[PDB]
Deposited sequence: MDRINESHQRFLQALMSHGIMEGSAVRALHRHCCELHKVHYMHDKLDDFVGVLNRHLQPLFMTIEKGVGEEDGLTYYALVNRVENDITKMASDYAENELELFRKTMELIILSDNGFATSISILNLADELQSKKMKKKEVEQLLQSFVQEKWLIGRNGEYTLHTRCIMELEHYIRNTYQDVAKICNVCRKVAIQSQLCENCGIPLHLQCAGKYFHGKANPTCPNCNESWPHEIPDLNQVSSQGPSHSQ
């Protein structure tokens, strides 16, 4: 219940510029923002600090969310939009055909067993678009933008959703792709990368499989077949 002050503003500006930040960098940013603006730094009050911002951001349909990276298990903070309306559609980052390709790529990532789409698969999606066609060079430049802006993560020409993207689109994915999105059987959140039961298909986050099966004869929580993957 602090009054919002310049330390909060400085923190919000930095997070706006990054979109997403890892937890240890956020703790250091909190400290630095307090020092830059002569606010007493309290190592035990980061939640209250973020909470001040979120109270004021709530009527703007913005929030600072926390999440966990599927790969690295690290905590991330992200400034996310929380509304779909006529004003948010005025965003100027990407053209309509570019966002069509983003949506089809996201859909393939959601459908895939591995959680990654390959370069060739994205080129084939682009060639199937019903909008203005994009050349290979344009697709490659667009993918590099999606990586630079932390919507996609890219590794050796394969792409998955960035933690930032999952954090912002968590509920959008759950509702738009309810027939196909993986919902972790342990934590009940969207899983992009996962371990799947090879008998019944249910997914677990890799971190959730390590916790749930931490057991010499591990079995699927849904069909009781022995778990085929390593914990």
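A.B. asks: Counting from residue 1 of the deposited sequence, where are the gaps with no C-alpha coordinates?
C.D. replies: Missing CA coords at 215, 233 to 247.
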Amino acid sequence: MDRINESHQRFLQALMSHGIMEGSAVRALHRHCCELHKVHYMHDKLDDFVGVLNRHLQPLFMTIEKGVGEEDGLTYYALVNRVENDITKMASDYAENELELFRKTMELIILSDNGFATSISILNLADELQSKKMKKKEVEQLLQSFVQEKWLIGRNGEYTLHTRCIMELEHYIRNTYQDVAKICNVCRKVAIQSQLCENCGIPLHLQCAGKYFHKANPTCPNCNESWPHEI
From here on, numbers count along this sequence of modelled residues.
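A.B. asks: Determine, for stretches 150 to 158 and 76 to 84, which one has the higher mean CA B-factor as deposited.
C.D. replies: According to the PDB entry, the answer is 150 to 158.
A.B. asks: Quick check: 112 to 120 versus 67 to 75, which has the larger average CA B-factor in the record?
C.D. replies: Between 67 to 75 and 112 to 120, it is 67 to 75.
A.B. asks: Looking at 92, 130, 145, 105, which has the biggest Cα B factor in the entry?
C.D. replies: 130 has the highest C-alpha B-factor of those listed.
A.B. asks: By the CA temperature factor listed in this entry, which of these ranks top: 164, 31, 189, 37?
C.D. replies: Checking the PDB record, the top C-alpha B-factor among 164, 31, 189, 37 is at 189.
A.B. asks: Consider only the C-alpha atoms of the modelled residues in this chain, order them by B-factor as the entry records it, and name the third containing residue 16: lowest, middle or highest.
C.D. replies: Lowest third - that is where residue 16 ends up once the chain's C-alpha B-factors are sorted.
A.B. asks: When the deposited Cα B-factors of this chain's modelled residues are ordered and cut into thirds, is residue 226 in the lowest, the middle or the highest one?
C.D. replies: Ranked within chain, residue 226 CA B lands in the highest tercile.
A.B. asks: Would you mind checking where the Cα B-factor of residue 198 ranks among the modelled residues of its chain, as the lowest, middle or highest third?
C.D. replies: Top third by C-alpha B-factor.
A.B. asks: Once the chain's modelled residues are ordered by C-alpha B factor and cut into thirds, is residue 54 in the lowest, middle or highest one?
C.D. replies: It belongs to the lowest third of the chain when residues are ordered by C-alpha B-factor.
A.B. asks: How does residue 62 rank on Cα B-factor within its chain, lowest, middle or highest third?
C.D. replies: CA B-factor rank for residue 62: lowest third.
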